Amino acid sequence: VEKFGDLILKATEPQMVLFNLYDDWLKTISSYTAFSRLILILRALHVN
Amino acid sequence: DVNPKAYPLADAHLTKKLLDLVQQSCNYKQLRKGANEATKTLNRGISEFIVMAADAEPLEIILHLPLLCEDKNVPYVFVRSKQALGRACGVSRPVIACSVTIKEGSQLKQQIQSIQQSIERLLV
Amino acid sequence: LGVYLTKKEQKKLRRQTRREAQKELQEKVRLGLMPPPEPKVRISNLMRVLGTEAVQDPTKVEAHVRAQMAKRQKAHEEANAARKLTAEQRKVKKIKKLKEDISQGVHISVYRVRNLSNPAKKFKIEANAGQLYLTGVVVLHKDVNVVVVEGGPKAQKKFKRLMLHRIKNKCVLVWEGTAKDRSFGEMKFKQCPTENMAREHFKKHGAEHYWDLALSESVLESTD
RNA sequence: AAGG
RNA sequence: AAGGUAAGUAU
RNA sequence: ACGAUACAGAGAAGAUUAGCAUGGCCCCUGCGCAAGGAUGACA
RNA sequence: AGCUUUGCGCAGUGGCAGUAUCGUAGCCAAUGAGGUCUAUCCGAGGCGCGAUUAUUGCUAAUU
């Protein structure tokens, strides 16, 4: 994902960064569905 | 008919009201079943009124309860059936004497007082 | 002459009715008249029921599970609401439980109040008697205030409790009893500056003796 | 399938 | 001398 | 009358496995039924 | 007119435990079941027998 790659490449010193991969998902679906959707998205990103 | 020894016998309407109050008292944990428990409640002065059946054979096994009621100033009444009285108490077995105990703050206090007034004006 | 049921009897009845219903449903399913029941699925039950399906289509499976849960909730609400007392029907049950049968007899209570000047108290008495179907009369004098109340024993008890504890000069019950038939209508709150016409009005209904008792008791209290 |  | 038999189906 | 042959040979173990609903118990919520409690309201 | 108590149903959600849940044209039981403690006091089921994966169904696999 560009938002992580550009951030890491642009970084000059180590630092702890907190993100949220369930940005607007818990407002409408359970965390069980959010995790499965995110893992599907990540699998698709890795594969192609 | 019924034994004349049971002179304070209730009519049908009062019988229904008494059985309803006995069932409500059983639901409120305010009832004692049996002649022995009625005697115990009378001796401890925690009895509102005593309901006893007119089919007890012999009836003399509960005729001591009116005397204890008079001594302790507690109203008493006779119902025509020992099987319906037992059912009202929540027990399938016949009951020949049930005692409604005194519980402060109970929601049945007004009904208990009304039944006491009805009984105390029916004996004669 | 109804027969009550013990708690064991009630448990037996409920258990055997539920068992009969379950057996009937199972027979309907086996015979083919009813489709087999689908497993009940919740959010915590989603993966345990369809993990294979939840992996491929997470949002679709989530939507299906939530649709089943919403269907169950909708069925529950429809059952509850379908069997709900109409707003007018609620009044009909209430308007009837408070209507005692005065065919057998009417219970009459007579009250004497030292002072009844407060309009709020007048409205309280009038409304409470009207709701409880307590037909009667209120006669206002300098000291005597005869409140004849006739109706049902439950309404009589409620109204006696009303002026004994809910409403505050003092309130005294003159005489509580029964008569064959009613003799007064709705609350009127007649004003009676003098005793003669108050007695005449009570004689119109044929209940002057209530006025006599109230006047005599008030005189005795004044002398005491 | 073969032996006493 | 034993306590050391596989149970078979075919030919 | 065995045995030799050809074949099989794990020649000693219900080893089962998950899901849901019922059932028991204990609340909570809604609705119905039958009873009841306490209180408020001026012309 | 609201509010609220008790009991009974009907459902919904949730929690807990499977050494336990039922069955009683068997017997006994408030005319007293059962009592180690509190006994001139306690007050309700007990026992025997039967069912069982210590309630019972479907569903999915392998078969």
# chains A, B, ... in the order shown; residues from 1 in each chain; ligands from 1

call {"tool": "select_by_dssp", "arguments": {"residues": "segment 14-222 of chain C", "states": "strand (DSSP E)", "output": "PyMOL selection string"}}
result
chain C and resi 106-113+135-140+145-151+171-179+190-191

call {"tool": "residues_around", "arguments": {"residues": "residue 1 of chain B", "least_positions_apart": "4", "cutoff": "12 Å", "atoms": "only C-alpha atoms (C1' of nucleotides)", "output": "ChimeraX atom specification"}}
result
/B:5-6,9,54-55,80-81

call {"tool": "residues_around", "arguments": {"residues": "segment 68-71 of chain B", "least_positions_apart": "4", "cutoff": "12 Å", "atoms": "only C-alpha atoms (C1' of nucleotides)", "output": "PyMOL selection string"}}
result
chain B and resi 35+38-52+62-64+75-77+99+120

call {"tool": "write_last_selection", "arguments": {"atoms": "N, CA, C and O atoms", "output": "short mmCIF file (atom, residue, chain, number, x, y, z; two decimals), in the first residue's frame"}}
result
data_model
loop_
_atom_site.label_atom_id
_atom_site.label_comp_id
_atom_site.auth_asym_id
_atom_site.auth_seq_id
_atom_site.Cartn_x
_atom_site.Cartn_y
_atom_site.Cartn_z
N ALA B 35 -52.76 -28.29 60.18
CA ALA B 35 -53.28 -27.88 61.49
C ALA B 35 -52.16 -27.64 62.49
O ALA B 35 -52.28 -26.75 63.34
N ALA B 38 -50.72 -24.29 61.71
CA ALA B 38 -51.69 -23.29 62.15
C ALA B 38 -51.63 -23.09 63.65
O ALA B 38 -51.68 -21.95 64.14
N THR B 39 -51.52 -24.18 64.41
CA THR B 39 -51.38 -24.08 65.86
C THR B 39 -50.09 -23.35 66.24
O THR B 39 -50.09 -22.52 67.15
N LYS B 40 -49.00 -23.65 65.54
CA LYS B 40 -47.74 -22.97 65.82
C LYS B 40 -47.84 -21.48 65.55
O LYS B 40 -47.34 -20.66 66.33
N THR B 41 -48.48 -21.10 64.44
CA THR B 41 -48.66 -19.68 64.14
C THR B 41 -49.55 -19.00 65.17
O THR B 41 -49.29 -17.85 65.56
N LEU B 42 -50.61 -19.68 65.61
CA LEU B 42 -51.49 -19.10 66.62
C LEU B 42 -50.75 -18.90 67.94
O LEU B 42 -50.93 -17.87 68.61
N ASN B 43 -49.92 -19.87 68.33
CA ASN B 43 -49.18 -19.74 69.58
C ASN B 43 -48.15 -18.62 69.53
O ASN B 43 -47.85 -18.01 70.55
N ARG B 44 -47.61 -18.34 68.35
CA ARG B 44 -46.63 -17.28 68.18
C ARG B 44 -47.26 -15.95 67.80
O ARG B 44 -46.53 -14.96 67.66
N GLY B 45 -48.58 -15.90 67.63
CA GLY B 45 -49.26 -14.65 67.32
C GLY B 45 -48.83 -14.01 66.02
O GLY B 45 -48.75 -12.78 65.93
N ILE B 46 -48.55 -14.82 65.00
CA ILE B 46 -48.15 -14.30 63.70
C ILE B 46 -49.14 -14.75 62.64
O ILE B 46 -48.77 -14.94 61.48
N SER B 47 -50.40 -14.93 63.03
CA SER B 47 -51.44 -15.40 62.12
C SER B 47 -52.48 -14.31 61.92
O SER B 47 -53.05 -13.80 62.90
N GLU B 48 -52.74 -13.95 60.66
CA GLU B 48 -53.83 -13.03 60.37
C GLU B 48 -55.18 -13.69 60.57
O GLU B 48 -56.05 -13.17 61.28
N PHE B 49 -55.39 -14.85 59.94
CA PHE B 49 -56.63 -15.60 60.10
C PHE B 49 -56.35 -17.06 59.76
O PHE B 49 -55.37 -17.38 59.10
N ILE B 50 -57.24 -17.93 60.23
CA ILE B 50 -57.12 -19.37 60.04
C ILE B 50 -58.29 -19.84 59.19
O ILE B 50 -59.45 -19.61 59.55
N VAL B 51 -57.98 -20.51 58.08
CA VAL B 51 -58.98 -21.14 57.23
C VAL B 51 -58.85 -22.64 57.40
O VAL B 51 -57.76 -23.20 57.24
N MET B 52 -59.96 -23.29 57.74
CA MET B 52 -59.97 -24.73 57.94
C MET B 52 -61.17 -25.33 57.23
O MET B 52 -62.19 -24.67 57.02
N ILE B 62 -59.58 -30.55 64.28
CA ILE B 62 -59.28 -29.14 64.05
C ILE B 62 -60.21 -28.22 64.83
O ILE B 62 -60.10 -27.00 64.69
N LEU B 63 -61.12 -28.75 65.64
CA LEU B 63 -62.00 -27.91 66.43
C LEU B 63 -61.28 -27.21 67.57
O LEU B 63 -61.87 -26.33 68.20
N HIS B 64 -60.03 -27.58 67.86
CA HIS B 64 -59.24 -26.83 68.82
C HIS B 64 -58.78 -25.50 68.25
O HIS B 64 -58.50 -24.57 69.02
N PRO B 75 -59.30 -14.03 63.65
CA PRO B 75 -60.49 -14.52 62.94
C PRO B 75 -60.25 -15.90 62.35
O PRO B 75 -59.14 -16.26 61.98
N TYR B 76 -61.33 -16.68 62.27
CA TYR B 76 -61.28 -18.01 61.70
C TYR B 76 -62.56 -18.28 60.93
O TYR B 76 -63.62 -17.73 61.24
N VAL B 77 -62.46 -19.14 59.92
CA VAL B 77 -63.58 -19.46 59.05
C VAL B 77 -63.47 -20.91 58.62
O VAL B 77 -62.39 -21.50 58.64
N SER B 99 -52.98 -21.31 57.60
CA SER B 99 -52.80 -20.07 58.35
C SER B 99 -52.10 -19.05 57.48
O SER B 99 -51.07 -19.35 56.87
N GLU B 120 -65.21 -11.84 60.34
CA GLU B 120 -65.61 -11.53 61.70
C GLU B 120 -67.07 -11.11 61.81
O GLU B 120 -67.61 -11.09 62.92
#

call {"tool": "residues_around", "arguments": {"residues": "residue 44 of chain G", "least_positions_apart": "4", "cutoff": "12 Å", "atoms": "only C-alpha atoms (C1' of nucleotides)", "output": "list in words"}}
result
residues 32, 33, 34, 90, 91, 92 and 93 of chain B; 29, 30, 32, 33, 34 and 35 of chain G

call {"tool": "interface_residues", "arguments": {"of": "chain G", "to": "chain B", "cutoff": "12 Å", "atoms": "only C-alpha atoms (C1' of nucleotides)", "output": "VMD selection string"}}
result
chain G and resid 4 to 8 28 to 33 40 to 45

call {"tool": "residues_around", "arguments": {"residues": "residue 2 of chain D", "least_positions_apart": "2", "cutoff": "12 Å", "atoms": "only C-alpha atoms (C1' of nucleotides)", "output": "list in words"}}
result
residues 4 of chain D; 11 of chain E; 1, 2, 3, 4 and 5 of chain F

call {"tool": "select_by_dssp", "arguments": {"residues": "segment 21-74 of chain B", "states": "alpha helix (DSSP H)", "output": "number ranges by chain"}}
result
B: 21-27, 35-44, 64-72
